[PDB]
>>> print(open('my_file.txt').read())   # compact mmCIF, N, CA and C atoms
# COMPACT_ATOMS: atom_id res chain seq x y z
N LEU A 22 -19.61 24.20 0.35
CA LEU A 22 -20.70 23.16 0.39
C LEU A 22 -20.67 22.26 1.68
N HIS A 23 -20.19 21.02 1.54
CA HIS A 23 -19.87 20.23 2.71
C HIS A 23 -18.85 21.09 3.54
N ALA A 24 -17.78 21.53 2.86
CA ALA A 24 -16.81 22.55 3.31
C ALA A 24 -17.28 23.70 4.28
N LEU A 25 -18.34 24.45 3.95
CA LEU A 25 -18.76 25.54 4.87
C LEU A 25 -19.34 24.97 6.15
N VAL A 26 -19.90 23.79 6.06
CA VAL A 26 -20.56 23.24 7.20
C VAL A 26 -19.52 22.56 8.04
N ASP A 27 -18.53 22.00 7.37
CA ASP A 27 -17.30 21.51 8.00
C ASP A 27 -16.57 22.63 8.75
N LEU A 28 -16.40 23.78 8.10
CA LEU A 28 -15.85 24.99 8.71
C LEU A 28 -16.62 25.33 9.94
N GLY A 29 -17.93 25.28 9.74
CA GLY A 29 -18.87 25.74 10.75
C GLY A 29 -18.68 24.98 11.99
N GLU A 30 -18.66 23.65 11.87
CA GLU A 30 -18.57 22.82 13.09
C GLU A 30 -17.19 22.86 13.75
N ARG A 31 -16.12 23.04 12.96
CA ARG A 31 -14.78 23.26 13.50
C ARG A 31 -14.81 24.46 14.52
N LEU A 32 -15.35 25.59 14.11
CA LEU A 32 -15.69 26.76 15.02
C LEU A 32 -16.31 26.43 16.39
N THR A 33 -17.19 25.45 16.42
CA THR A 33 -17.97 25.00 17.57
C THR A 33 -17.05 24.31 18.54
N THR A 34 -15.81 24.14 18.10
CA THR A 34 -14.80 23.34 18.82
C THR A 34 -13.72 24.26 19.45
N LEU A 35 -13.78 25.57 19.12
CA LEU A 35 -12.74 26.51 19.58
C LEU A 35 -13.02 27.20 20.91
N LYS A 36 -11.95 27.44 21.64
CA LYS A 36 -11.98 28.40 22.82
C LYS A 36 -12.38 29.82 22.47
N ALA A 37 -13.17 30.45 23.33
CA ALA A 37 -13.85 31.73 23.03
C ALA A 37 -12.85 32.86 22.81
N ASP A 38 -11.76 32.76 23.54
CA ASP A 38 -10.48 33.32 23.32
C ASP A 38 -10.04 33.47 21.86
N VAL A 39 -10.07 32.37 21.14
CA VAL A 39 -9.66 32.30 19.75
C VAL A 39 -10.79 32.95 18.96
N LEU A 40 -12.05 32.52 19.16
CA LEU A 40 -13.23 33.07 18.47
C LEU A 40 -13.32 34.54 18.58
N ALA A 41 -12.98 35.10 19.76
CA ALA A 41 -13.04 36.57 19.97
C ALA A 41 -12.12 37.33 19.00
N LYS A 42 -11.07 36.67 18.46
CA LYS A 42 -10.11 37.25 17.46
C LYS A 42 -10.59 37.10 16.00
N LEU A 43 -11.54 36.17 15.75
CA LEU A 43 -12.13 35.93 14.41
C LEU A 43 -13.22 36.96 14.04
N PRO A 44 -13.35 37.29 12.75
CA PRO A 44 -14.43 38.25 12.38
C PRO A 44 -15.85 37.66 12.08
N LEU A 45 -16.50 37.18 13.15
CA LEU A 45 -17.81 36.59 13.06
C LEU A 45 -18.88 37.62 13.29
N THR A 46 -19.90 37.61 12.43
CA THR A 46 -21.17 38.27 12.74
C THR A 46 -21.71 37.91 14.17
N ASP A 47 -22.47 38.80 14.81
CA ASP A 47 -23.24 38.56 16.03
C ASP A 47 -24.11 37.30 15.85
N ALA A 48 -24.74 37.16 14.69
CA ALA A 48 -25.58 35.98 14.54
C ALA A 48 -24.75 34.69 14.66
N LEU A 49 -23.52 34.68 14.17
CA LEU A 49 -22.67 33.51 14.35
C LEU A 49 -22.22 33.32 15.77
N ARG A 50 -21.71 34.36 16.38
CA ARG A 50 -21.31 34.26 17.78
C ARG A 50 -22.48 33.63 18.61
N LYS A 51 -23.73 34.08 18.35
CA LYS A 51 -24.88 33.60 19.06
C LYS A 51 -25.11 32.11 18.74
N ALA A 52 -25.24 31.77 17.44
CA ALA A 52 -25.41 30.38 17.00
C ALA A 52 -24.39 29.51 17.66
N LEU A 53 -23.17 30.03 17.79
CA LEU A 53 -22.08 29.25 18.33
C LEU A 53 -22.14 29.07 19.86
N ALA A 54 -22.72 30.02 20.61
CA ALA A 54 -22.80 29.87 22.06
C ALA A 54 -23.99 28.96 22.38
N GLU A 55 -24.90 28.98 21.44
CA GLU A 55 -26.11 28.26 21.62
C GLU A 55 -25.81 26.76 21.31
N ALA A 56 -24.73 26.47 20.54
CA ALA A 56 -24.55 25.12 19.95
C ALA A 56 -24.63 23.94 20.95
N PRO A 57 -23.93 24.01 22.10
CA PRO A 57 -24.03 22.85 23.01
C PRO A 57 -25.40 22.57 23.61
N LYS A 58 -26.36 23.54 23.55
CA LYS A 58 -27.75 23.23 23.95
C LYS A 58 -28.42 22.25 22.98
N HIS A 59 -27.88 22.10 21.78
CA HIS A 59 -28.42 21.05 20.90
C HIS A 59 -27.69 19.71 21.08
N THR A 60 -28.36 18.83 21.82
CA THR A 60 -28.05 17.45 22.19
C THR A 60 -28.65 16.41 21.16
N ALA A 61 -29.96 16.52 20.85
CA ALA A 61 -30.66 15.56 19.95
C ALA A 61 -30.03 15.54 18.55
N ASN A 62 -30.18 14.41 17.86
CA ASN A 62 -29.59 14.24 16.51
C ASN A 62 -30.16 15.28 15.55
N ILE A 63 -31.47 15.46 15.64
CA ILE A 63 -32.18 16.35 14.76
C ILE A 63 -31.86 17.82 15.08
N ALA A 64 -31.71 18.11 16.39
CA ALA A 64 -31.45 19.46 16.88
C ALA A 64 -30.07 19.86 16.44
N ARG A 65 -29.12 18.93 16.65
CA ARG A 65 -27.72 19.19 16.31
C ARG A 65 -27.53 19.41 14.79
N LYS A 66 -28.02 18.47 13.95
CA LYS A 66 -27.91 18.60 12.50
C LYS A 66 -28.50 19.90 11.96
N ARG A 67 -29.69 20.24 12.47
CA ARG A 67 -30.34 21.50 12.11
C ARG A 67 -29.42 22.68 12.44
N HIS A 68 -29.15 22.88 13.72
CA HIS A 68 -28.18 23.88 14.12
C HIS A 68 -26.85 23.90 13.33
N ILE A 69 -26.23 22.78 12.98
CA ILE A 69 -25.02 22.93 12.17
C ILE A 69 -25.28 23.30 10.68
N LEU A 70 -26.42 22.94 10.14
CA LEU A 70 -26.75 23.44 8.82
C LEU A 70 -27.05 24.91 8.87
N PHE A 71 -27.83 25.28 9.85
CA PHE A 71 -28.08 26.68 10.10
C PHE A 71 -26.72 27.43 10.29
N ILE A 72 -25.79 26.84 11.03
CA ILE A 72 -24.44 27.42 11.12
C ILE A 72 -23.75 27.51 9.74
N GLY A 73 -23.78 26.38 9.02
CA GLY A 73 -23.51 26.33 7.57
C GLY A 73 -24.06 27.52 6.79
N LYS A 74 -25.39 27.73 6.80
CA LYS A 74 -26.01 28.86 6.05
C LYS A 74 -25.42 30.18 6.51
N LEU A 75 -25.09 30.24 7.78
CA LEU A 75 -24.70 31.48 8.41
C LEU A 75 -23.29 31.87 8.01
N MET A 76 -22.47 30.88 7.72
CA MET A 76 -21.11 31.08 7.24
C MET A 76 -21.01 31.99 6.00
N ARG A 77 -22.11 32.03 5.26
CA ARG A 77 -22.17 32.77 3.99
C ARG A 77 -22.18 34.28 4.27
N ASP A 78 -22.33 34.67 5.54
CA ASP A 78 -22.33 36.11 5.88
C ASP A 78 -20.95 36.54 6.34
N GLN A 79 -20.07 35.55 6.48
CA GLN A 79 -18.72 35.75 6.96
C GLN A 79 -17.66 35.90 5.86
N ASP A 80 -16.56 36.46 6.31
CA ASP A 80 -15.36 36.52 5.58
C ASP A 80 -14.64 35.15 5.79
N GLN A 81 -14.92 34.21 4.90
CA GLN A 81 -14.45 32.87 5.00
C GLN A 81 -12.95 32.78 4.84
N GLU A 82 -12.41 33.57 3.92
CA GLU A 82 -10.98 33.61 3.71
C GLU A 82 -10.26 34.02 4.99
N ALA A 83 -10.74 35.07 5.67
CA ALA A 83 -10.17 35.56 6.95
C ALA A 83 -10.29 34.51 7.99
N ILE A 84 -11.45 33.88 8.09
CA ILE A 84 -11.61 32.80 9.07
C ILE A 84 -10.61 31.65 8.80
N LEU A 85 -10.58 31.17 7.55
CA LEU A 85 -9.63 30.13 7.12
C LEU A 85 -8.15 30.46 7.35
N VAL A 86 -7.81 31.74 7.19
CA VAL A 86 -6.43 32.14 7.35
C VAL A 86 -6.02 32.01 8.82
N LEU A 87 -6.90 32.52 9.70
CA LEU A 87 -6.68 32.43 11.15
C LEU A 87 -6.69 31.00 11.74
N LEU A 88 -7.60 30.16 11.27
CA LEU A 88 -7.48 28.70 11.54
C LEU A 88 -6.22 28.00 11.00
N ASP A 89 -5.76 28.39 9.82
CA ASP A 89 -4.46 27.88 9.33
C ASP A 89 -3.38 28.29 10.31
N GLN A 90 -3.34 29.54 10.78
CA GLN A 90 -2.36 29.95 11.81
C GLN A 90 -2.38 29.13 13.07
N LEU A 91 -3.58 28.88 13.58
CA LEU A 91 -3.75 27.98 14.76
C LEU A 91 -3.31 26.55 14.45
N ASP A 92 -3.64 26.00 13.31
CA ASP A 92 -3.20 24.58 13.07
C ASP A 92 -1.70 24.44 12.85
N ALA A 93 -1.11 25.51 12.29
CA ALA A 93 0.31 25.60 11.97
C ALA A 93 1.09 25.69 13.29
N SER A 94 0.51 26.40 14.26
CA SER A 94 1.26 26.58 15.48
C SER A 94 1.06 25.26 16.27
N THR A 95 -0.04 24.56 16.06
CA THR A 95 -0.06 23.25 16.71
C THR A 95 0.82 22.20 15.94
N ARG A 96 1.01 22.38 14.62
CA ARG A 96 1.96 21.52 13.92
C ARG A 96 3.35 21.73 14.45
N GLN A 97 3.73 22.98 14.66
CA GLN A 97 5.04 23.30 15.08
C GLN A 97 5.25 22.77 16.50
N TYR A 98 4.23 22.85 17.31
CA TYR A 98 4.29 22.23 18.62
C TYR A 98 4.60 20.73 18.50
N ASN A 99 3.82 20.06 17.68
CA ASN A 99 3.95 18.60 17.52
C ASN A 99 5.28 18.19 16.97
N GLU A 100 5.82 18.90 15.97
CA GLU A 100 7.18 18.63 15.49
C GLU A 100 8.18 18.66 16.73
N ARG A 101 8.08 19.67 17.59
CA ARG A 101 9.11 19.85 18.63
C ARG A 101 8.85 18.77 19.67
N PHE A 102 7.59 18.46 19.91
CA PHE A 102 7.22 17.37 20.87
C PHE A 102 7.78 16.02 20.42
N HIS A 103 7.52 15.63 19.18
CA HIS A 103 8.08 14.33 18.75
C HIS A 103 9.63 14.36 18.68
N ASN A 104 10.24 15.52 18.33
CA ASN A 104 11.70 15.61 18.28
C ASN A 104 12.30 15.26 19.68
N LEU A 105 11.75 15.93 20.67
CA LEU A 105 12.02 15.64 22.10
C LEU A 105 11.70 14.15 22.54
N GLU A 106 10.61 13.55 22.04
CA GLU A 106 10.44 12.16 22.39
C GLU A 106 11.56 11.22 21.79
N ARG A 107 12.00 11.53 20.56
CA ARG A 107 13.19 10.91 19.94
C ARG A 107 14.48 11.18 20.67
N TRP A 108 14.79 12.44 21.02
CA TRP A 108 15.90 12.66 21.91
C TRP A 108 15.94 11.85 23.24
N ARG A 109 14.82 11.80 23.95
CA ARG A 109 14.66 11.01 25.17
C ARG A 109 14.96 9.56 24.92
N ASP A 110 14.28 8.95 23.97
CA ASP A 110 14.59 7.56 23.67
C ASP A 110 16.07 7.31 23.21
N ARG A 111 16.57 8.13 22.32
CA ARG A 111 17.98 8.05 21.99
C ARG A 111 18.99 8.18 23.14
N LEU A 112 18.80 9.15 24.03
CA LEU A 112 19.66 9.22 25.13
C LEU A 112 19.57 7.94 26.07
N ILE A 113 18.37 7.43 26.41
CA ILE A 113 18.21 6.33 27.27
C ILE A 113 18.85 5.09 26.60
N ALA A 114 18.47 4.77 25.36
CA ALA A 114 19.15 3.72 24.60
C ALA A 114 20.66 3.85 24.21
N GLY A 115 21.34 4.96 24.43
CA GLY A 115 22.61 5.13 23.77
C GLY A 115 23.64 5.36 24.81
N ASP A 116 24.56 6.25 24.55
CA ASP A 116 25.70 6.39 25.45
C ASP A 116 26.20 7.86 25.43
N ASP A 117 27.42 8.08 25.86
CA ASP A 117 27.95 9.40 25.89
C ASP A 117 28.04 10.17 24.53
N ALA A 118 28.16 9.45 23.40
CA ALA A 118 28.20 10.07 22.11
C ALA A 118 26.88 10.76 21.85
N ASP A 119 25.77 10.17 22.29
CA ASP A 119 24.48 10.81 22.12
C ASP A 119 24.22 11.96 23.07
N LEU A 120 24.61 11.82 24.33
CA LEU A 120 24.67 12.97 25.23
C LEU A 120 25.36 14.18 24.60
N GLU A 121 26.54 13.98 23.98
CA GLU A 121 27.29 15.05 23.34
C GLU A 121 26.60 15.72 22.20
N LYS A 122 25.95 14.92 21.34
CA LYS A 122 25.14 15.43 20.25
C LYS A 122 24.01 16.23 20.85
N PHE A 123 23.37 15.75 21.92
CA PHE A 123 22.25 16.47 22.52
C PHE A 123 22.60 17.87 23.05
N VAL A 124 23.76 17.94 23.68
CA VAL A 124 24.25 19.15 24.31
C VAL A 124 24.80 20.10 23.22
N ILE A 125 25.22 19.57 22.06
CA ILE A 125 25.54 20.50 21.01
C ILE A 125 24.25 21.25 20.48
N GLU A 126 23.14 20.56 20.44
CA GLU A 126 21.87 21.14 20.03
C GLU A 126 21.30 22.03 21.20
N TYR A 127 21.59 21.66 22.46
CA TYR A 127 21.16 22.40 23.69
C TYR A 127 22.38 22.75 24.64
N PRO A 128 23.26 23.68 24.25
CA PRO A 128 24.58 23.91 24.92
C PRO A 128 24.46 24.49 26.33
N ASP A 129 23.22 24.86 26.67
CA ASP A 129 22.88 25.22 28.08
C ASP A 129 22.37 24.04 28.99
N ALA A 130 22.23 22.84 28.44
CA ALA A 130 21.97 21.68 29.25
C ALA A 130 23.00 21.55 30.38
N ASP A 131 22.50 21.21 31.60
CA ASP A 131 23.31 20.77 32.72
C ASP A 131 23.67 19.32 32.44
N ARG A 132 24.94 19.09 32.16
CA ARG A 132 25.45 17.84 31.59
C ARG A 132 25.49 16.77 32.68
N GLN A 133 25.74 17.23 33.88
CA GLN A 133 25.91 16.35 35.01
C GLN A 133 24.50 15.90 35.46
N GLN A 134 23.51 16.76 35.40
CA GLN A 134 22.19 16.35 35.82
C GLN A 134 21.56 15.47 34.77
N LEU A 135 21.74 15.78 33.50
CA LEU A 135 21.28 14.87 32.42
C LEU A 135 21.92 13.48 32.46
N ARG A 136 23.25 13.41 32.65
CA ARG A 136 24.03 12.20 32.80
C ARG A 136 23.53 11.29 33.96
N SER A 137 23.33 11.90 35.09
CA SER A 137 22.70 11.33 36.25
C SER A 137 21.29 10.80 35.99
N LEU A 138 20.46 11.59 35.32
CA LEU A 138 19.13 11.18 34.85
C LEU A 138 19.20 9.96 33.91
N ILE A 139 20.06 10.00 32.90
CA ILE A 139 20.25 8.90 31.95
C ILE A 139 20.64 7.59 32.61
N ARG A 140 21.67 7.59 33.43
CA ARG A 140 22.07 6.47 34.25
C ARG A 140 20.90 5.83 35.01
N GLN A 141 20.12 6.64 35.70
CA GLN A 141 19.02 6.15 36.54
C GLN A 141 17.94 5.52 35.62
N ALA A 142 17.61 6.12 34.46
CA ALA A 142 16.65 5.58 33.53
C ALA A 142 17.11 4.32 32.80
N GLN A 143 18.41 4.25 32.44
CA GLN A 143 19.04 3.01 31.92
C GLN A 143 18.93 1.91 32.97
N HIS A 144 19.27 2.18 34.21
CA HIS A 144 19.10 1.21 35.28
C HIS A 144 17.62 0.73 35.38
N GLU A 145 16.65 1.63 35.33
CA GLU A 145 15.26 1.22 35.49
C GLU A 145 14.83 0.39 34.32
N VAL A 146 15.28 0.75 33.12
CA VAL A 146 15.21 -0.14 31.95
C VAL A 146 15.76 -1.51 32.17
N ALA A 147 16.99 -1.60 32.72
CA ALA A 147 17.76 -2.85 32.70
C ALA A 147 17.19 -3.73 33.74
N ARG A 148 16.73 -3.09 34.83
CA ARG A 148 16.30 -3.86 36.02
C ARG A 148 14.80 -3.94 35.94
N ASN A 149 14.20 -3.42 34.85
CA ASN A 149 12.73 -3.58 34.57
C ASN A 149 11.92 -3.01 35.76
N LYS A 150 12.19 -1.75 36.08
CA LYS A 150 11.41 -0.92 36.99
C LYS A 150 10.39 -0.08 36.22
N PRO A 151 9.30 0.44 36.90
CA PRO A 151 8.52 1.56 36.33
C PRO A 151 9.47 2.55 35.73
N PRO A 152 9.31 2.85 34.47
CA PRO A 152 10.23 3.84 33.90
C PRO A 152 10.01 5.34 34.28
N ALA A 153 10.11 5.66 35.57
CA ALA A 153 9.86 7.05 36.08
C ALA A 153 10.84 8.09 35.64
N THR A 154 12.12 7.71 35.58
CA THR A 154 13.14 8.68 35.28
C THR A 154 13.11 9.11 33.81
N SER A 155 12.56 8.27 32.94
CA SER A 155 12.42 8.65 31.54
C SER A 155 11.43 9.77 31.37
N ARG A 156 10.26 9.66 31.99
CA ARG A 156 9.37 10.85 32.22
C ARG A 156 10.08 12.14 32.73
N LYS A 157 11.02 12.01 33.70
CA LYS A 157 11.83 13.17 34.20
C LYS A 157 12.73 13.72 33.11
N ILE A 158 13.36 12.85 32.35
CA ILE A 158 14.18 13.29 31.23
C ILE A 158 13.30 14.08 30.20
N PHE A 159 12.17 13.50 29.77
CA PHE A 159 11.28 14.18 28.85
C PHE A 159 10.92 15.54 29.41
N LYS A 160 10.61 15.58 30.69
CA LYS A 160 10.30 16.87 31.36
C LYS A 160 11.44 17.92 31.27
N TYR A 161 12.67 17.46 31.59
CA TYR A 161 13.84 18.34 31.68
C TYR A 161 14.18 18.81 30.26
N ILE A 162 14.14 17.90 29.29
CA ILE A 162 14.42 18.39 27.93
C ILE A 162 13.36 19.40 27.34
N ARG A 163 12.08 19.21 27.72
CA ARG A 163 11.02 20.04 27.34
C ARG A 163 11.31 21.43 27.88
N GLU A 164 11.81 21.48 29.12
CA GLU A 164 12.25 22.74 29.77
C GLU A 164 13.35 23.41 29.00
N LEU A 165 14.39 22.68 28.62
CA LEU A 165 15.44 23.21 27.68
C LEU A 165 14.92 23.76 26.31
N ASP A 166 13.98 23.06 25.67
CA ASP A 166 13.33 23.48 24.39
C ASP A 166 12.33 24.56 24.57
N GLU A 167 11.96 24.78 25.83
CA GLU A 167 10.90 25.66 26.26
C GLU A 167 9.58 25.18 25.67
N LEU A 168 9.40 23.87 25.53
CA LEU A 168 8.12 23.39 25.07
C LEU A 168 7.09 23.50 26.21
N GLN A 169 6.27 24.53 26.09
CA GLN A 169 5.48 25.12 27.15
C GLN A 169 4.50 24.21 27.92
>>> encode(input="my_file.txt", output="structure tokens")
Amino acid sequence: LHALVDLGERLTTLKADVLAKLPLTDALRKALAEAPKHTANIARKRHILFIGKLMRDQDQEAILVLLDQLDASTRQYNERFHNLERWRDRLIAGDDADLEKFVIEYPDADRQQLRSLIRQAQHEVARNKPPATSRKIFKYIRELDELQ
């Protein structure tokens, strides 16, 4: 109901890349390429209801399953992203005990370069500089996690 039209407009938001893997009728693919030509309130609402009606020709379960895969892989991204933001803040706020915990989770970390990074970011904290080195730490740890 509201749901199919909600589905419908979520589609209008995807890279063609992703859409090319979904099992959409030609009429949907067309409705969907046409969608940004509808600017006006009336034009847009019409087109998304029409997209709504068109959903009924699709395999909704298949579409939903593939969107769940995409949202799940962005959830997993976000979990690793926030984990890394916590590691960064913990290392800058803490001391060698936290460095050690970090390197146990990432035993390929260069300990001397991280230590050097931490020192410089603690200093910028303490001396109230632009916190540039904290951005470098987030970067270097993202590289260790392979957060792409």
>>> residues_around(input="my_file.txt", residues="stretch 27-37 of chain A", least_positions_apart="3", cutoff="6 Å", atoms="only N, CA and C atoms", output="ChimeraX atom specification")
/A:23-24,40-41,53,72-73
>>> atom_distance(input="my_file.txt", atom1="atom CA of residue A:92", atom2="atom CA of residue A:168")
16.5 Å
>>> atom_distance(input="my_file.txt", atom1="atom C of residue A:122", atom2="atom C of residue A:107")
10.8 Å
>>> atom_distance(input="my_file.txt", atom1="atom CA of residue A:110", atom2="atom CA of residue A:91")
28.9 Å
>>> closest_residue(input="my_file.txt", among="A:52, A:101, A:140, A:95", to="residue A:116", atoms="only C-alpha atoms")
A:140
>>> residues_around(input="my_file.txt", residues="stretch 76-90 of chain A", least_positions_apart="2", cutoff="8 Å", atoms="only C-alpha atoms", output="ChimeraX atom specification")
/A:25-26,29,43-46,49,72-74,92-94
>>> select_by_dssp(input="my_file.txt", residues="chain A", states="helix (DSSP H, G or I)", output="PyMOL selection string")
chain A and resi 23-32+37-40+47-58+62-78+81-114+117-126+132-147+153-166
>>> closest_residue(input="my_file.txt", among="A:105, A:69, A:130, A:61", to="residue A:163", atoms="all atoms listed in the file")
A:105
>>> closest_residue(input="my_file.txt", among="A:156, A:68, A:150, A:103", to="residue A:56", atoms="only N, CA and C atoms")
A:68
>>> closest_residue(input="my_file.txt", among="A:138, A:112, A:54, A:124", to="residue A:157", atoms="only N, CA and C atoms")
A:138
>>> closest_residue(input="my_file.txt", among="A:165, A:114, A:158, A:146", to="residue A:129", atoms="all atoms listed in the file")
A:165
>>> decode(input="my_file.txt", residues="stretch 34-63 of chain A", atoms="N, CA and C atoms", output="JSON list (two decimals), in the first residue's frame")
[["chain", "number", "residue", "atom", "x", "y", "z"],
["A", 34, "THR", "N", 16.31, 6.19, -5.85],
["A", 34, "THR", "CA", 17.43, 6.73, -5.06],
["A", 34, "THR", "C", 18.72, 5.90, -5.29],
["A", 35, "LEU", "N", 18.60, 4.78, -6.02],
["A", 35, "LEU", "CA", 19.73, 3.87, -6.21],
["A", 35, "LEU", "C", 20.59, 4.14, -7.44],
["A", 36, "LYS", "N", 21.88, 3.87, -7.28],
["A", 36, "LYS", "CA", 22.83, 3.76, -8.46],
["A", 36, "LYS", "C", 22.46, 2.68, -9.47],
["A", 37, "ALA", "N", 22.63, 2.97, -10.75],
["A", 37, "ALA", "CA", 22.10, 2.14, -11.85],
["A", 37, "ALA", "C", 22.75, 0.75, -11.87],
["A", 38, "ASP", "N", 23.99, 0.75, -11.48],
["A", 38, "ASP", "CA", 24.77, -0.32, -10.97],
["A", 38, "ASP", "C", 24.03, -1.36, -10.12],
["A", 39, "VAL", "N", 23.35, -0.88, -9.09],
["A", 39, "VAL", "CA", 22.61, -1.70, -8.16],
["A", 39, "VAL", "C", 21.35, -2.12, -8.90],
["A", 40, "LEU", "N", 20.59, -1.17, -9.47],
["A", 40, "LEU", "CA", 19.35, -1.44, -10.23],
["A", 40, "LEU", "C", 19.54, -2.46, -11.28],
["A", 41, "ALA", "N", 20.69, -2.43, -11.98],
["A", 41, "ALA", "CA", 20.97, -3.40, -13.07],
["A", 41, "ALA", "C", 20.97, -4.85, -12.55],
["A", 42, "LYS", "N", 21.21, -5.07, -11.24],
["A", 42, "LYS", "CA", 21.20, -6.41, -10.57],
["A", 42, "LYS", "C", 19.79, -6.83, -10.09],
["A", 43, "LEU", "N", 18.86, -5.87, -9.95],
["A", 43, "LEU", "CA", 17.46, -6.11, -9.53],
["A", 43, "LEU", "C", 16.58, -6.62, -10.69],
["A", 44, "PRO", "N", 15.58, -7.48, -10.39],
["A", 44, "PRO", "CA", 14.70, -7.94, -11.49],
["A", 44, "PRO", "C", 13.45, -7.05, -11.83],
["A", 45, "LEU", "N", 13.74, -5.87, -12.41],
["A", 45, "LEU", "CA", 12.72, -4.93, -12.79],
["A", 45, "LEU", "C", 12.28, -5.14, -14.21],
["A", 46, "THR", "N", 10.97, -5.14, -14.42],
["A", 46, "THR", "CA", 10.41, -4.96, -15.77],
["A", 46, "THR", "C", 11.04, -3.73, -16.52],
["A", 47, "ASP", "N", 11.10, -3.76, -17.85],
["A", 47, "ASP", "CA", 11.44, -2.64, -18.73],
["A", 47, "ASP", "C", 10.57, -1.42, -18.36],
["A", 48, "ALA", "N", 9.29, -1.64, -18.12],
["A", 48, "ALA", "CA", 8.47, -0.47, -17.79],
["A", 48, "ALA", "C", 8.98, 0.22, -16.51],
["A", 49, "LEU", "N", 9.45, -0.54, -15.53],
["A", 49, "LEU", "CA", 10.02, 0.07, -14.34],
["A", 49, "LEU", "C", 11.33, 0.75, -14.61],
["A", 50, "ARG", "N", 12.24, 0.07, -15.25],
["A", 50, "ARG", "CA", 13.51, 0.68, -15.58],
["A", 50, "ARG", "C", 13.26, 2.07, -16.28],
["A", 51, "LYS", "N", 12.28, 2.11, -17.20],
["A", 51, "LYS", "CA", 11.97, 3.32, -17.92],
["A", 51, "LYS", "C", 11.40, 4.38, -16.95],
["A", 52, "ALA", "N", 10.33, 4.03, -16.20],
["A", 52, "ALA", "CA", 9.74, 4.93, -15.21],
["A", 52, "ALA", "C", 10.81, 5.49, -14.33],
["A", 53, "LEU", "N", 11.78, 4.65, -13.99],
["A", 53, "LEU", "CA", 12.82, 5.06, -13.07],
["A", 53, "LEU", "C", 13.88, 6.00, -13.70],
["A", 54, "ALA", "N", 14.14, 5.90, -15.01],
["A", 54, "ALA", "CA", 15.13, 6.78, -15.63],
["A", 54, "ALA", "C", 14.45, 8.13, -15.92],
["A", 55, "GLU", "N", 13.15, 8.02, -16.05],
["A", 55, "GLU", "CA", 12.38, 9.16, -16.40],
["A", 55, "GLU", "C", 12.19, 10.00, -15.10],
["A", 56, "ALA", "N", 12.33, 9.38, -13.91],
["A", 56, "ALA", "CA", 11.86, 10.03, -12.66],
["A", 56, "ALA", "C", 12.40, 11.47, -12.40],
["A", 57, "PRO", "N", 13.72, 11.70, -12.55],
["A", 57, "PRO", "CA", 14.18, 13.08, -12.28],
["A", 57, "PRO", "C", 13.66, 14.17, -13.21],
["A", 58, "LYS", "N", 13.08, 13.81, -14.39],
["A", 58, "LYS", "CA", 12.40, 14.82, -15.23],
["A", 58, "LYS", "C", 11.12, 15.34, -14.55],
["A", 59, "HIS", "N", 10.60, 14.63, -13.56],
["A", 59, "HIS", "CA", 9.47, 15.20, -12.81],
["A", 59, "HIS", "C", 9.95, 16.00, -11.58],
["A", 60, "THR", "N", 9.93, 17.31, -11.77],
["A", 60, "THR", "CA", 10.25, 18.42, -10.86],
["A", 60, "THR", "C", 8.97, 18.93, -10.07],
["A", 61, "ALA", "N", 7.87, 19.23, -10.80],
["A", 61, "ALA", "CA", 6.64, 19.79, -10.19],
["A", 61, "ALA", "C", 6.04, 18.84, -9.14],
["A", 62, "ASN", "N", 5.30, 19.41, -8.18],
["A", 62, "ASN", "CA", 4.71, 18.60, -7.10],
["A", 62, "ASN", "C", 3.74, 17.57, -7.67],
["A", 63, "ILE", "N", 2.94, 18.03, -8.62],
["A", 63, "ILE", "CA", 1.92, 17.21, -9.21],
["A", 63, "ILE", "C", 2.54, 16.13, -10.12]]
